[PDB]
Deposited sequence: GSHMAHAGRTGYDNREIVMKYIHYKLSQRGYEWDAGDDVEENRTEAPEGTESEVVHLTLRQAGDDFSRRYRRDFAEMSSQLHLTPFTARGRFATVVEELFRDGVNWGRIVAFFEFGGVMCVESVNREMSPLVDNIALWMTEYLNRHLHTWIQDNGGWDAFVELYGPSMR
């Protein structure tokens, strides 16, 4: 699947939920629902994430890199991948909320690059997005 597309569609959805309009199908829908489910379950972790970002134009890239290293420190699995998308979502929402919308394109780029460089192999070795969909889709 095309990672850039997966990222852009995810980001658009998270921003829309917060009242912002930003400018294979079963994969996007399944990922969406798992992300909503993640943020519902880990309610406090989700709620508290935005307040720990301290975004600035020059630190955002490093904040992203720091949280993502921690997230995947013990290895990759589908749950952590969903949390990774949810984290990117929180970053984008916080960016737009703090009048730093130009960060959104950058974040989308960092997510895409992390997918391509660091998650692609695990994903292919574990059945691809099709296997994700089989586990957590309807």
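Several segments of the deposited sequence have no coordinates for C-alpha: 1-11, 35-51, 167-169, numbered from the first residue.
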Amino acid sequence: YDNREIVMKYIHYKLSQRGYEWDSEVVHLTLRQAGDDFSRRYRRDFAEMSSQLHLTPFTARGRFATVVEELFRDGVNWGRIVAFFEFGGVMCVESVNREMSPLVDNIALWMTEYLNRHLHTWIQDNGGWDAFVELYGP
From here on, numbers count along this sequence of modelled residues.
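On average the C-alpha atoms of 116-124 have higher B-factors than those of the other stretch, with 8-16 and 116-124 being the two compared.
As the entry records it, the average C-alpha temperature factor is higher for 49-57, out of 49-57 and 101-109.
Across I81, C92, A34, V26, the entry's maximum B-factor at the CA atom is seen for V26. When the modelled residues of the chain are ordered by their C-alpha B factor, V96 lands in the lowest third.
The PDB entry assigns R63 a C-alpha temperature factor belonging to the lowest third of its chain's modelled residues. In the PDB entry, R41 places in the lowest third of its chain by CA B-factor.
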